[PDB]
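Protein chains in written order, with the authors' numbering: chain B, 21 to 102; chain F, 25 to 102; chain C, 16 to 129; chain G, 14 to 118; chain E, 40 to 135; chain A, 40 to 134; chain D, 28 to 122; chain H, 28 to 121.
Virtual Cβ for every residue (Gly too), placed ideally from N, Cα, C.
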DNA sequence: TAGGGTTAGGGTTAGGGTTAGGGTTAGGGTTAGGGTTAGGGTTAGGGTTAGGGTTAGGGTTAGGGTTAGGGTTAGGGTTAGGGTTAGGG
DNA sequence: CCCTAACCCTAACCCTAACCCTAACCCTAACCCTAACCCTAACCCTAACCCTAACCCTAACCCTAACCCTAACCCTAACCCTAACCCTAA
């Protein structure tokens, strides 16, 4: 069983992300809030990809199903896939 | 016609929206935003009416333009 | 008719003809319109139940757009299913914020000279 | 003469768009001038995008088209930003537009 | 005779409990026709379209006022400012 | 030896001028697989899908951080707070 | 004189089935008709997209079931799926 | 194996026509292909919606022209309309 | 397996959170003064429908010319050392 | 002082200049399906005008919702050394 994977996003990673996004000062609970938001978004995206893979009569999620789920959610992605 | 939106109208709109205090330039900013939105909607409706080979804008073209812009409207039309 | 065989009330042939005329696919099945009619029937039943509950809570025996707007904004699932949906002559919720309140009296009537 | 590219004065294929429109089941009858119009619009859009990418590459002292140059050309043009609003480009980048308050003062 | 900042809640509740229209009809029609005359002249409107556009503008203004009031409450300010509507228009995505 | 609130702009410019990835690979893959195991087990990933999901999450986090920084700047505060991310998630429409 | 769809008799029958002591108005009927039309259009679009993605020409109940599972959240999706499967079994058992 | 579309040769020809001293990569080619596919899908959807709204069965150049005028803003829309009309006149005269 | 991107103890200093008073642009009620709301006259285009003679998109059918998958090495760009030039505490 | 942007040696590093063969792309020959035009009648949109009665425009006021130095203080990140857990091909 896989556990302790939610704490994989280290503090320097979020610090570099905030520095790239233009944030010059970070508090304390911002890391936990961003972790929860990313977890919720990943859960929704993975659920959509699982539904698409089950509709396609497959098991391994491919890049085409990921692009389809991203287009259904409302955020297109170019470059990856086709 | 741009000054048709009176001050009591915006005051009642802000009271209905939950605003308990209004400044001064808020009226002019809301007037400009409404003018821009009306201009865009009227342009879309004019394009739809020109595509439909008509002149008078009907409610169906208005509903189509509202659905194209991304804000559906129920009740009015069909 | 299909209503006496599938145990529903929504028309199936109408949805089938609409799907065939809409040019959505080359071949439209026969069980797929039944499934869509069942889903639409369940959704309409839930919406009508919510509207009836709102009308009974508002001491009314009819369905008005205000009751529909209230039932839509009250249910969390209906709010997520119909997010950016504007209903004409519907209304808004009078949920006043915690800060927008008359609050407590400071210095009786806010007067330091008394 | 034999192809539509030598008759319409374009380079994008028209029969491919016509076959895609016929196979996509978008309408009962797909015209013949409509695919030419779509090919011309796509050709103009591709020419404008390639011109912007070449300008960005020349400004960045590069002779190739990288996703960074495309992202810069998309975010720089106001029309391209409105046409492609919620479009995420992988390995593209962001603009280093620092705010007026975020300064050492 | 009442004190300020107390009778506004009564008017807010009275305007929220009612589902009537606040914007007029003739000035709105005149403004819509004046805006439509800029693109193509000799245009007509079957009234119902103007009412639908007025309802849509009312809903948009109500949503914008709600967002501005929420942003002002978060910013520790009961009143609103043009910078608040600018932040609202910037975060919502509609232009800028 | 430098003063605080001055060397942050250099790191910001260095991270903005680069288009490399900041999040790792093995922990992200482990988290994605652990999340996918909650719905249906015996699931596989062809790496490219995980990279696409990581890029999408990075873009979403960058946009959220930009919106939060803009809201904090408008609120006369260089730092951010959980209430700022709450206001961002409330105004943006996402829940 | 033309002919319009106007989904009103079926809605009135469903309302009388769930609550025969209440009624409906013309504005509420139009709102319900617009909502039903929008739901049907979304379902048709999702089914067409799924058929174009799966490289298929026909449409079965699985496509609409997946479209409902994707559009509807959770509890409503499961309830609609169960009701649809029950209706399908009832229509198959009784020719 | 199979066969894919891959809009690459035409994009390379257009690039060599506007600038023969520059090139393109595989990632940029894929991005351009995805953008072209998305634009084509949006145009097809708009044309289908216009045909369903106008109660027609055929598709002419007017529908795609209106779809371009509605999708594109202003200057780009006018330029694309002018180029399309020029191409249509050139294809009709020859 | 190996090695460099994470992890933690020390510390003092600079930025959110509380204090005290003034003055101006915002509330709140009153009365003299237009512009909005229906109420009610014909009409000058505007949109809907049926019948009859036309012209470009959808029905097989062979034949060609060009777009998709390999071989190899060559030619734009990443990385590897410093030396000279400049932003700041 | 402590980094900081700017010029010349090479070593990997990633696209570009011809090729080739396989589904895919245009013409010709006959045809009906649904595109815009005028003949056409009446129902909806519009302009000057009586009314008379709720509220929008100006006029004096004084007070509390607003803001600029004081002066006491406790919260957050400038080094830097230690340690452990990410980052690299087979």
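Residue i versus residue j - alpha carbon distance
i	j	result
residue 69 (chain E)	residue 62 (chain E)	13 Å
residue 44 (chain D)	residue 105 (chain A)	53 Å
residue 108 (chain G)	residue 85 (chain G)	8 Å
residue 106 (chain G)	residue 48 (chain C)	47 Å
residue 46 (chain D)	residue 81 (chain C)	19 Å
residue 72 (chain A)	residue 99 (chain D)	25 Å
residue 42 (chain H)	residue 58 (chain H)	15 Å
residue 66 (chain B)	residue 74 (chain A)	8 Å
residue 122 (chain A)	residue 50 (chain B)	10 Å
residue 128 (chain C)	residue 42 (chain E)	18 Å
residue 100 (chain F)	residue 65 (chain D)	14 Å
residue 88 (chain F)	residue 63 (chain D)	16 Å
residue 112 (chain H)	residue 95 (chain A)	40 Å
residue 98 (chain G)	residue 90 (chain G)	11 Å
residue 39 (chain F)	residue 53 (chain F)	17 Å
residue 121 (chain H)	residue 29 (chain G)	21 Å
residue 79 (chain E)	residue 41 (chain G)	33 Å
Residue i in three-state terms, based on DSSP
i	result
residue 42 (chain C)	strand
residue 34 (chain H)	coil
residue 25 (chain C)	coil
residue 76 (chain G)	coil
residue 81 (chain B)	strand
residue 101 (chain G)	strand
residue 51 (chain H)	coil
residue 84 (chain E)	strand
residue 57 (chain G)	helix
residue 86 (chain D)	strand
Per-residue contacts from residue i into chain F (C-beta, under 9 Å)
i	result
residue 102 (chain C)	97, 98, 99
residue 99 (chain C)	94, 95, 96
Own chain, CB closer than 8 Å to residue i, minus 5 neighbours either side, in chain order
i	result
residue 68 (chain C)	86
Listed by chain order, chain C residues near residue i by CB distance under 9 Å
i	result
residue 112 (chain E)	112, 113, 114, 115
residue 84 (chain D)	40, 41, 42
8 Å Cβ cut-off: residues of chain A touching residue i
i	result
residue 130 (chain E)	106, 109, 110, 127, 130, 131
residue 55 (chain B)	Within chain A, no residue comes near residue 55 (chain B); the closest Cβ sits about 10 Å away, beyond 8 Å.
Chain-ordered neighbours of residue i on chain B, where CB pairs are closer than 9 Å
i	result
residue 107 (chain G)	40, 41, 42
residue 62 (chain H)	98
Contacting residues, own chain, Cβ-Cβ under 6 Å from residue i (five flanking each side not counted)
i	result
residue 65 (chain G)	86
residue 104 (chain G)	80
residue 21 (chain C)	49
residue 55 (chain F)	29
Within chain C, partners of residue i - CB distance below 8 Å
i	result
residue 48 (chain F)	Result: empty, since nearest Cβ-Cβ is about 21 Å, beyond 8 Å.
Under 7 Å from the C-beta of residue i: neighbouring residues of chain H
i	result
residue 76 (chain F)	81
Partners in chain C for residue i, counting only beta-carbon separations shorter than 7 Å
i	result
residue 97 (chain D)	By Cβ distance, chain C contributes nothing, its closest Cβ being about 12 Å from residue 97 (chain D), past 7 Å.
Spatial neighbours of residue i in its chain, beta-carbon cut-off 7 Å, leaving aside the 5 residues before and after
i	result
residue 104 (chain D)	95, 96
residue 73 (chain G)	82
residue 85 (chain B)	69, 72, 73, 76
Contacts that residue i makes with chain D (C-beta to C-beta distance below 9 Å)
i	result
residue 94 (chain F)	Those do not exist, as residue 94 (chain F) stays about 13 Å from chain D at its closest Cβ, beyond 9 Å.
Cβ-heavy atom distance, residue i to the ligand HEM, below 7 Å
i	result
residue 74 (chain G)	Among the components modelled here there is no ligand, and therefore nothing to report on the ligand HEM.
Chain-ordered chain D contacts of residue i [CB-CB under 8 Å]
i	result
residue 37 (chain C)	71
Proximal chain F residues relative to residue i, where beta-carbon distance stays under 8 Å
i	result
residue 79 (chain E)	70, 74
7 Å Cβ cut-off: residues of chain B touching residue i
i	result
residue 93 (chain D)	71, 75
residue 54 (chain H)	99
Under 8 Å by beta carbon: chain G residues contacting residue i
i	result
residue 100 (chain H)	92, 95, 96
Closer than 9 Å at the beta carbon, the chain H residues around residue i
i	result
residue 102 (chain B)	31, 32, 33, 57, 60, 61, 64
Contact set between residue i and chain E, taken where Cβ atoms lie within less than 9 Å
i	result
residue 79 (chain F)	79, 81, 82, 83
(message) Output needed in chain order: residues of the region 83 to 105 of chain A with a Cβ under 7 Å from some Cβ in chain G.
(response) 94, 95, 98, 101
(request) Please name the residues in the region 45 to 63 of chain E whose beta-carbon is closer than 8 Å to at least one beta-carbon of chain C, in chain order. (result) 45, 48, 51, 52, 55, 56, 58
(message) What are the residues in the region 81 to 94 of chain G lying within 9 Å of chain A by C-beta distance?
(response) 81, 84
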